[PDB]
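Reading the structure
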Amino acid sequence: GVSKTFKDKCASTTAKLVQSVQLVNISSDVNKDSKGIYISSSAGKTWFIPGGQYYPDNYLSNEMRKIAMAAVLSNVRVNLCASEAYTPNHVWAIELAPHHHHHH
Amino acid sequence: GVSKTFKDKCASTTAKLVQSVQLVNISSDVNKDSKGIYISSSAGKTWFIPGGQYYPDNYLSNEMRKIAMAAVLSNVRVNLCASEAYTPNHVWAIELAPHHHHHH
Amino acid sequence: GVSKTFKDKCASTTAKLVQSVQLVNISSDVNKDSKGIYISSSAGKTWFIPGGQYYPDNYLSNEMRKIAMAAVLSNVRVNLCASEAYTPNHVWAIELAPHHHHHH
Amino acid sequence: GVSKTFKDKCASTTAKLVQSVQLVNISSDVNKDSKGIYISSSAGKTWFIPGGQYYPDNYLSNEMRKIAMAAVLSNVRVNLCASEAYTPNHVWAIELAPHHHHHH
Amino acid sequence: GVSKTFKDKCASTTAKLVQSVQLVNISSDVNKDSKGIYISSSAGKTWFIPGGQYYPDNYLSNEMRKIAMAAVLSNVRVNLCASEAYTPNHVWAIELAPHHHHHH
Ligand code: NA
Ligand code: NA
Ligand code: NA
Ligand code: NA
Ligand code: NA
Ligand code: NA
Ligand code: NA
């Protein structure tokens, strides 16, 4: 599910929260004017994951990519904080969100 | 389980030992004023994992993130050494702690 | 499957889209005259994955290698954007494309 | 099992060979006076894995940590070359040693 | 299996092709005079994987280590291009070679 901390951080930004997304594609592109990391949902929505050249965005963007990659490979849900101001929309946070059953 | 060495190292500091935590969320955030790595337990407690720009904190923080990520993805327990001087609490050490059966 | 965004990006380049490729070999070569990363399909086609020394090609090429590697290890499909202007053909984008069942 | 080359390399040093260790904990610690990577066996023995700032110890220590981490996550045996000049003992080599059956 | 391109590249060098090797040990060593990455087969043969300090050998040697590690951990075959001018033999290329059934 979604952590309260993740919801609170997305509420402090213009980016929109997207809950319980199943990612089915991750791509890396080095073509001259289309460079970057793209992810797509089961519903056919695409996002761009921005990179980072300087501390701390360098390690943080690398962790965003690791999470997106594991979600596609392991078929595990994520929550996103995404800016609609771009095409495709830009991921500014990602949360790995394995679905756990609570039987009580 | 928890290693004696992990308990001894947390006992050498003002940070508190937290044993047998199941992590269910890991997040990476590059939003302007919420940047960082966050983890949440099955109980709804959140910690922040500090980064490292300089040797040795750079590789050590990278190993803390790898441990936290594998714990969420594989549903494996961790032990934490966490400072309560922060909100959220800061992880200063993490131990991967797969539950092993001993039948004797 | 293939994302619309991946097809749109390949349509913006001289590179050709190859859909639903099963990779069965990945290699790393440090021989003087054959240096680089090679991938081969079940059909016996080979591509070269270019490296990157400078941001952003450094992280993007690293993610292309991670995707190709996971595809071979997990026997999971990819989509490629490949330039025929080279021997072997050069990968300029790769998309991890696990086959999902839709029963509706 | 243990490779001949691993035993020969440990025999070339003051460090002691430890065969068929099951690791059950790995930890990364960024506390002021306990910084480092620690690993613990099923028997309750602990070692320290030294870091490396400069080529080649930087990549070699990184591979030592990857091996120890995989061993704990996958419950796979290692062999160690450890210096007893330190408490805890310092790992100067580690070998991933998955147990294979030979029925002949 | 072995890709035609991998055989053709090894045939253009002094190094010898070794097909369908099962690796059962990978080691990382930081001892003064034994430093490096070693891999050993089920047959008891050992190779050394050379490191790389400068682009492109730095990323290519890192991918050779990733391939060898996955082969040991997942019990998956590799093909090697190895120089017999060294003892142990030096790997100049490695190909991940998961065994596929072809029922036709
Ligand atoms: Na918001
Ligand atoms: Na948009
Ligand atoms: Na303490
Ligand atoms: Na095209
Ligand atoms: Na071509
Ligand atoms: Na010795
Ligand atoms: Na040859």
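First, a word on what this report is: a plain description of the structure on this page.

Conventions we followed
Numbers on residues come from counting from 1 along each chain's written sequence, not from the entry itself, and any residue without coordinates is not displayed. Key to labels: chains lettered from A, ligands numbered from 1, both in the order written. The side-chain figures draw on all heavy atoms in the structure; neither hydrogens nor water molecules are used. Residues with missing side-chain atoms are left out of burial classes, side-chain pairs and their counts. Any two residues whose heavy atoms approach within 4.5 Å are treated as being in contact. Any N, O or S atom lying within 2.8 Å of the metal counts as a donor, and for Na, K and Ca the limit rises to 3.2 Å; water is left out, so some sites can look incomplete. Here the term buried applies to any residue with accessible area under 20% of the maximum for its type, exposed to any over 50%, and partly exposed to those in between, with areas from a 1.4 Å probe on protein chains only. Only C-alpha atoms enter the least-squares fit that superposes the copies. Any two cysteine sulfur atoms lying within 2.5 Å of each other are counted as a disulfide. Counting from the N terminus, the helices are the DSSP runs of H or I reaching at least four residues and the strands are the DSSP runs of E reaching at least two. Values labelled buried area give the accessible surface lost by two parts on being combined, using a 1.4 Å probe and summing over both. The working definition used for a salt bridge is a side-chain nitrogen of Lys or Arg within 4 Å of a carboxyl oxygen of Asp or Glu. For the purposes of these results, a polar contact is taken to be a pair of N or O atoms within 3.5 Å, where, inside protein, one atom must be able to donate a hydrogen and its partner to accept one; residues adjacent in sequence count only when each atom of the pair is a side-chain atom. Polar here means any residue outside two lists: the nonpolar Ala, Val, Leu, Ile, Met, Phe, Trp, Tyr, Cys and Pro, and the charged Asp, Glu, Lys and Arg; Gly therefore counts as polar.

On to the arrangement of the chains, then. Left apart from each other, chain B and chain C have a closest C-alpha approach of 16 Å. Without any contact between them, chain B and chain E keep their closest C-alpha atoms 16 Å apart.

Residue and element names in this part refer to chain B. For the sodium ion (ligand 3), the protein coordination sphere consists of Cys10 (O), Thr13 (O) and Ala15 (O), at 2.0 to 2.5 Å. On the accessibility criterion, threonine 13 (23% relative accessible area) is partly exposed. Residue class for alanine 15 comes out buried when judged on its relative accessible area of 7%.

Expressed as a screw operation, the relation of chain D to chain E combines 0.0 Å of axial shift with a rotation of 72 degrees, fitting to an RMSD of 0.1 Å. Taken together, these values place the two copies in the relation of a five-fold axis.

Attention shifts here to the state of the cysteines. Covalent bonding between the sulfur atoms of two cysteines defines a disulfide. Residues and elements named next belong to chain A. Within the structure shown, the criterion is met by 5 disulfides over all chains. Shown here is the disulfide that connects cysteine 10 with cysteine 81, its sulfur atoms set 2.3 Å apart. Measuring handedness by torsion sign, the sulfur bridge of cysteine 10 and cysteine 81 sits at about 95 degrees and is right-handed. One end of the pair, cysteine 10, is in helix α1 (residues 4-11); the other, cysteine 81, is in strand β4 (residues 77-83), and 71 residues separate them in sequence. There is no split in this pair, since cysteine 10 and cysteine 81 are both buried.

All names here are of chain A. Protein-derived ligands of the sodium ion (ligand 2) are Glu84 (O), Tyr86 (O) and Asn89 (OD1), with the metal-ligand distances lying across 2.3 to 2.6 Å. Between the donor residues of the sodium ion (ligand 2), the gaps in sequence give the motif E-x1-Y-x2-N. The class for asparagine 89 is buried, based on a relative accessible area of 12%.

Counting residues at the interface gives 30 residues for chain E and 24 residues for chain C. With both sides pooled, the region where chain E packs onto chain C buries about 2,300 Å², and carbon together with sulfur makes up 61% of that total. Taken together, the connections running from chain E to chain C amount to 2 salt bridges. Where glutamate 63 of chain E meets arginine 65 of chain C, a salt bridge forms, and the shortest distance between an N and an O atom there is 3.1 Å. Taken together, the links from chain E to chain C amount to 10 residue pairs in polar contact. Elements represented by at least two residues in the side of chain E that touches chain C include exactly α1 (4-11), α2 (57-74), β4 (77-83) and β5 (89-96) of chain E. The dominant element in the side of chain E that touches chain C, judged by the number of residues it contributes, is α2 of chain E, at 10 residues. Along the lines of polarity and charge, the residues of the side of chain E that touches chain C split into 17 nonpolar, 8 polar and 5 charged.

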